[PDB]
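J.: Pasting a structure here, questions to come.
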Amino acid sequence: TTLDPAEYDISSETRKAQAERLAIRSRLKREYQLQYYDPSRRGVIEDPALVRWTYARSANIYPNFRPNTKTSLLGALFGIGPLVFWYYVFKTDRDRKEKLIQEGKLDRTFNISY
Amino acid sequence: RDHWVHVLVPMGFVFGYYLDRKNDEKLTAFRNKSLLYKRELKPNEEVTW
Amino acid sequence: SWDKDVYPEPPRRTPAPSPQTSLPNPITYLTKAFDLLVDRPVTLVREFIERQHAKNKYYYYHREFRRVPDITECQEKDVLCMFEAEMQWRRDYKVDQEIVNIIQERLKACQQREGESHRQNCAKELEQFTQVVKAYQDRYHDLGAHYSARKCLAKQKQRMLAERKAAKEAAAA
Amino acid sequence: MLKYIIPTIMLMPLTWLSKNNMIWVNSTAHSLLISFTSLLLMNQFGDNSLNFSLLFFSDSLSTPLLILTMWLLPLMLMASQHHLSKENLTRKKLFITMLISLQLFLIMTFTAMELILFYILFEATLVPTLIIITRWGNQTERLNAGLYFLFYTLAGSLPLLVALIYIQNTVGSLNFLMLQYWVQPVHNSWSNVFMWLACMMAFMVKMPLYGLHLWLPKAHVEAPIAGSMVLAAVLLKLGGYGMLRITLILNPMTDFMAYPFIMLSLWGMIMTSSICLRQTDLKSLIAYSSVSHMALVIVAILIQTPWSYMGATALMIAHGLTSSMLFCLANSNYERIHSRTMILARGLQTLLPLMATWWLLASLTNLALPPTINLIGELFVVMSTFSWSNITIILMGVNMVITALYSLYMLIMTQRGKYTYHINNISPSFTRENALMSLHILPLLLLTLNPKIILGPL
Amino acid sequence: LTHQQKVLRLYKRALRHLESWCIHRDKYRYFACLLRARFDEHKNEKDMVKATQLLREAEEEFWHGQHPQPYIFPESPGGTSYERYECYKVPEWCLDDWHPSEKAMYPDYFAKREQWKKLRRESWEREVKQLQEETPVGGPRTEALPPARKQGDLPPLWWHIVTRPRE
Amino acid sequence: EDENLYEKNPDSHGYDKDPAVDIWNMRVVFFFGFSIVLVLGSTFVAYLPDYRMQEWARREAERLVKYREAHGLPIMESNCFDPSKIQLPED
Amino acid sequence: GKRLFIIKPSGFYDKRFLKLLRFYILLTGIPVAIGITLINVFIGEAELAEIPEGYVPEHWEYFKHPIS
Amino acid sequence: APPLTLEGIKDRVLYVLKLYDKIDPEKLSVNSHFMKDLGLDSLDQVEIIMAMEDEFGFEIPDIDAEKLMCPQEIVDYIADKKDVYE
Amino acid sequence: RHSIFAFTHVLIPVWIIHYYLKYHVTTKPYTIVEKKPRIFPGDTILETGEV
Amino acid sequence: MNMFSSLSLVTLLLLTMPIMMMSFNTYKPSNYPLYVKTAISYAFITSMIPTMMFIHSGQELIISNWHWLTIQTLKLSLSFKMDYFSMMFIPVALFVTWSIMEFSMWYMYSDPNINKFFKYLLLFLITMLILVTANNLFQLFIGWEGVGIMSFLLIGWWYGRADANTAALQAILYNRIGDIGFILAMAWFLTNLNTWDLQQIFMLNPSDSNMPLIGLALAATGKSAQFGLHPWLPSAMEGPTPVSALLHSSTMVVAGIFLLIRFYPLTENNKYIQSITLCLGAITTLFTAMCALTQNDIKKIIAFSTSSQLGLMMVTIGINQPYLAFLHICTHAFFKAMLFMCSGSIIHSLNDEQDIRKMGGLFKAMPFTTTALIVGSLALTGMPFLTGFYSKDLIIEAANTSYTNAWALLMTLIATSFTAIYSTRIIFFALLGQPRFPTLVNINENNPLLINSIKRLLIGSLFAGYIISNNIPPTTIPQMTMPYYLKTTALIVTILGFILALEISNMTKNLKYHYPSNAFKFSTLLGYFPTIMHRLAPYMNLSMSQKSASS
Amino acid sequence: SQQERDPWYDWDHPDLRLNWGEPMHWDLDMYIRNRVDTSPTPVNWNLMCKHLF
């Protein structure tokens, strides 16, 4: 139940020359540790993996956006969707509740509040 | 010097409170009311106007 | 203090004695000692202020207002006389809040004084209070014009419906 | 106001008149002295009513709301000095004078004696706010946000003039709220819809519905030096209260079409707080809290009949003090780490122990811990809209659920460690950093003793 | 992860998840060589699927019946009181700003503070000089030469050399 | 390019801006801010006079009960405010 | 012997602060405290019924309190 | 509250050599390097600390295998982990 | 002593908190709201008797 | 008679003094737990004096102290209540808290953050004690959510450890679902009865109470750990020991059932109420029974047994026995604050394991606390003549003649048999077997702070009910009929587990090498409920349905 | 849509690796992953609804 999560599989020798993907992250870590150690820094490192994480989530969705689909026009089942339903309930109360309040009584003598 | 920049400027309060009084001395229409509010016989509802 | 007719209670009617045994009772050890330890720093100090406060006195008076105009005055485009009829009216609604506060505390009076039976006894409160609150929201509570408090622009017109609809249109009363 | 405006204009030829760096101490000294005089003649009695002097004041009788407007100029100058002190003194004298010039019009507003004196002062702002938005921000998206702050507020407020001038020559004159004794009712028609709708919609654009809130996380996100007009822009939002002055009278009997404003602002309440738990900008986290439990008053004004005005007034200055301080908690702790990303500020609660209490006693007012000014406000709104229909306890109850998980998510992100970086962040929350963080909770829990001062007529 | 040590990381847990299942002490210990006897079946043979069927059928009867809330060795990645020492947490180098009369205490520790910083403040003429040379372009893991050929200073100096002690 | 200063804390203490008379900026915010306004002004509305004229109404509702309760006047009338002054147009 | 040296981050500023709250709160609080103590002893208000105030009543100071 | 010294870690590692019946008390003290008489592949690399898996046994991660060949290199970084001698 | 540590803690507020209690039942129109005696027979401060 | 409540407000005012003196008014040469330990030490003996005044003549006192704001018709000021739960429960609950700090004087002996823990524990007691004294439903709501925020500051005592304060987030979460029912019934009382002072509610019993009390039942399940909200307790134990010795023995889990106890003059009618409550009480019995078996922590085993005692006590409202319900907690509060603290000497003794594995036998220089273990775990068997025999036996024989579900007695009395194998399990793993644990046996037991702690409560344990039930006004008519083959088997319900646990534990030790057969369905020692729902409900709302109608 | 479900911050001995210690460029999707973990023992067999059955 969310999820499988595929903790063992096979290899040897499906594409054995796939190595030195660590050479990417060792290059970054040799770049980072040489950046992180210094006698006078007094401040953070930029680390633009955060910068590309906010700016591609905050902005750059509406310049991306085109309404070419109907799964972005799906929002009328989600935006105006439930707001239709809450109007249907609230006018059945305060009308069925209203007629009983006028024609006949329901509350007692000690109802000053309200 | 004597610092008119300082506390002389909060002394504009009473300067403003002088102009505050000049309206109610021409807003003197009614001594005739019925809810205490009397100005019946006495020197009580005449004063402070 | 107050007057007991506004805030009633029955007497005290408190039993007493009943020892009957030579078994060791600690009640003689308790009340016969600790009452004196508080009697010195309280009664001597309260009396000391009581003469010191009786050195001089200060005065504050009853504040009773003037009620010449009442309700249906005046003509429509007037402002002045229809201001006094609201100054009349709002004092007749802050007060009528608190008379419900008095009668409700009267209901609090019986029930902690009897407690055990509390329903078949005292005979009065559930009859009196529900003949006052049922006499509250009719004609004295703008339900639901209570928001603007609608002094004399709607306080008469529940009571117009209590005359133009009531007592003639019952077919045939 | 006899003369509250008259001393607070005299503050203005004091700043430029002064010497060098004394300009900070000279302004904050005298500005605190009005807080005695503001209290002084006001808070009088009290039973129908206090018309004050003339055509310039009805004294803000049953809605006080104005003492809080006068704390702030001696609250923002101590806050703004963090990163402002690199510019010229000729512009440092400017930024104090327009801030006073914003307090001048707010003082004749909230009292205003009329409805047409209100509007010209309701619109007399938005010029000194816009100067604080465009100049003195950070990197860009200031300039479009300077235009989103207009053109919602100004597009809506122009059909006020069409309707308020329409009343002034229809039924007598609107000049007094106490010549509003003669009021003809407003029935169901096809022109009286628009008279209600145009007179109402210009207030919705400031205190937002779920729709048209699109300008509110624009001006608050990209924001001046240390929340310096952001403290002002939270008062200004709740300074669109005048629906309490209008709609109590002046078309009193139109609840017939309240329902597209109820359901939009009652279902939007349960969603627009839910849409914030995945925020990554810290100042935009607070900016949606200000949407949600401000929009609870919009279903508290349109539903009439008090036990709501008991609470709808107490909620205007509930987060007047809370949401101010939360911006001050975020205007601090940005001077040390230069990002507003909430990920980056971890490793905390060991380095700055004294301000841990300032996080919690902020976020313990949204949980709201009933003896405060907060759950004396909500529990009158809850017991009001219960009596509208019983079903409204569900949505408003889930409103109470999600904001509990929402406020702690901002606390608990600082309770972690090992900090990984940060040779900076040394400054151990200096004497100014706790002083302007105080004077918020010190009146906030104080007024809970006798909060009869905070009540409508009612 | 080589095929040589592929069984070994499974071999450590094969007995480790077993001892959470016993109740005696000898119950585990009588089963010791008994559990080793099935593991000692295939001793020395090829490395292909001829011997991968030791592992390709070890998914059953290991994952099947794997540790119903086992023992966890409480100071570990999991388990209670593992990362608990955090109210103290040793905030090392928080001693920058004091406004002294608070630097009165420990006069010798502040004396020894300025002594160790010379290795920290001055090692970049030597350690960073060979660091462009010893690392050719972008190679794997960035440990230096383990004495750095005269004096390892450190390269990990001083955040790994003077790191936080536990208590 | 870019030039920004740091922790205005050169071992000295510092409150707001700098060494001297900026030292006096604390005793103009601490002494004026609270300790005169949050104490004496907090004392001011602690015992402020009868608010909204309720203290008048306490004793005046206290008195008026037992006078009606004595002889003949009922309680909580809502008596249409002296009727037969209403002409009551039927239709 | 069992011994080390603890590392505590910063406490001087927090001890340089928390004085100025507690100092100045007594500087006008405690002089106001006698004003709620001494004025209780020597000054009160009394009582009821009524008086008839002569012909013209009193001004403001209708209240029943020392400073109100 | 109980402290520790470095004379106890030299004995317990040395004792469980004698507790194993595969190894005599005739091998070297600190460096027999395991291969001297270590055998075979499995069960001479992880079983050699399976006795200390019960005794010390603070979950002993995957890196601990091939460093443990040098029998003094076991003794080296146990003092680093559990906040030990000076 | 056990003399000045114990006497300062408890003995002083009981003098205080009693003073806002005896001077309080005659001022507020409802004091403590005590119940009845729950009697079987009949004696105490009355005279009534029972079988 | 004027000193009835005059000495009782001494109790509610004295505890504020170690917060007033915490604001630095020339504080003591430091030793600050000694200042608070002696502060309670005189507060207990003051509180017991009007308890003797009640049992003579009664004369219950509510008060009228000091006005809050008063709006249109309803005045709320504040008051107190002194009827059968103030003059009885308060010295009982305060006697435990007197006894529990000495443990934390030695349990928290090394922490430099010592003073907050003796301050936050003090504020926790005040807002716990303001609840039971209140006659005002608004004053309940203060103490209802004062105790809730005190949990967040005590489960999350240790910083870091990302499962600790996540459990604190789960702790305050289920209280707010537990809030929504209480504020529902708060609303219904104004709209009808113009107030919520508990006097005037009991004047006229409301006719159709179907709406408010189901809300009061849902708020009752918020803190009292019922089914549907059960996973809050077993992960709330992640803090320090005297927290959870106080958080789940005497406080914060008996408060959820306490609100229903105060509302006995309403709950006796309205047959939709009683059948839902007693069926709810039955489900919590066996679901906490079949979850506690094959479980491997000492504190977790106590965490389920404190939840299964609730499963009796929730049924005690269904069958209309209000005072027999409350009399159980007066006995129960002396059980686990002993028993957490009893095993708290053991966890420090091995310096940590808190596992039911790797323990050994009883007497490995452990003379005193193993003797204290075999009393309370014999009390938890089902009371042959022990403490809560006058609470346990009189309720299962109050369900003898009843109109119950007939599956309720098939769920309550079966749960009593499961309580017996709770006993010998900690015997058979920690107090029976051969000594197996890693070496350097660093045990120590001789600190008289702990020895003063246990020796007071164990004596107070035994003679608790034989003083309380011996000296109490009876309020109901007892059963006193129990015919043949239907009467005394409830003891033999408990006897069979002694045979049944041992012949399986010896089958785990004494058997035929029944090698741990992997083939076993064990979704009873996991609950299988926290595994799926706390991977689904935080993923359903926070990921899909939030990225839908956000940006 | 990169591989997902949970950096659980286990042993993780390269360096910071996981969630505490901040590696350089590994952010994929977050704010649901500082509180969500890995796979269990068995599988779904929803006996929990069968338990109340």
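Following the order of the structure tokens, first chain is A, next is B, and so on, with residues numbered from 1 inside each chain and ligands from 1 in the order they appear.
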Just list the residues in chain G DSSP gives helix (DSSP H, G or I) on the backbone, as a list in words.
T.: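 In chain G, DSSP puts these residues in helix (DSSP H, G or I): residues 12, 13, 14, 15, 16, 19, 20, 21, 22, 23, 24, 25, 26, 27, 29, 30, 31, 32, 33, 34, 35, 38, 39, 40, 41 and 42 of chain G.
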J.: With 9 Å as the limit and counting only C-alpha atoms, what residues in chain I lie close to chain J? Please list them as a PyMOL selection string.
T.: chain I and resi 6+9-10+13-14+17-18+21-22+28+30-38
J.: Taking only C-alpha atoms into account, find every residue of chain E that has an atom no more than 7 Å from chain J, and write it out as a ChimeraX atom specification.
T.: /E:21,23-25,64-65,83-84,86-87
J.: Keeping only C-alpha atoms, write the selected residues as a short mmCIF file (atom, residue, chain, number, x, y, z; two decimals), in the first residue's frame.
T.:
data_model
loop_
_atom_site.label_atom_id
_atom_site.label_comp_id
_atom_site.auth_asym_id
_atom_site.auth_seq_id
_atom_site.Cartn_x
_atom_site.Cartn_y
_atom_site.Cartn_z
CA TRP E 21 13.05 -14.72 17.10
CA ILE E 23 13.58 -16.91 23.56
CA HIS E 24 16.49 -18.75 25.17
CA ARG E 25 20.13 -17.94 24.59
CA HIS E 64 9.46 -14.51 3.72
CA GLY E 65 9.72 -14.45 7.48
CA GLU E 83 19.70 10.74 17.93
CA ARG E 84 18.31 11.81 21.30
CA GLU E 86 20.18 16.99 20.97
CA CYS E 87 19.15 19.41 23.74
#
J.: Counting only C-alpha atoms, which residue out of A:23, A:49, A:34, A:10 sits closest to chain K?
T.: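 Looking only at the distances to chain K, the closest residue turns out to be A:49.
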J.: What is the distance between CA of residue 32 in chain J and CA of residue 357 in chain D, in Å to one decimal?
T.: 21.6 Å
J.: Tell me, as a list in words, which residues lie within 12 Å of residue 49 in chain K, counting only C-alpha atoms; anything in the same chain fewer than 3 positions away does not count.
T.: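 Selected residues are residues 527, 528, 529, 532 and 533 of chain J; 44, 45, 46, 52 and 53 of chain K.
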J.: Expressed in Å to a single decimal, how great is the separation between CA of residue 436 in chain D and CA of residue 38 in chain F?
T.: 14.2 Å
J.: May I ask you to extract the residues of chain H within 12 Å of chain J, using only C-alpha atoms, and to give them as a PyMOL selection string?
T.: chain H and resi 1-4+8+12+51-58
J.: If the cut-off is 9 Å, can you tell me the residues of chain A near chain D, counting only C-alpha atoms? I'd like them as a ChimeraX atom specification.
T.: /A:36,40-45,50,54,58,82-84,86-87,90-91,93-94,97,114
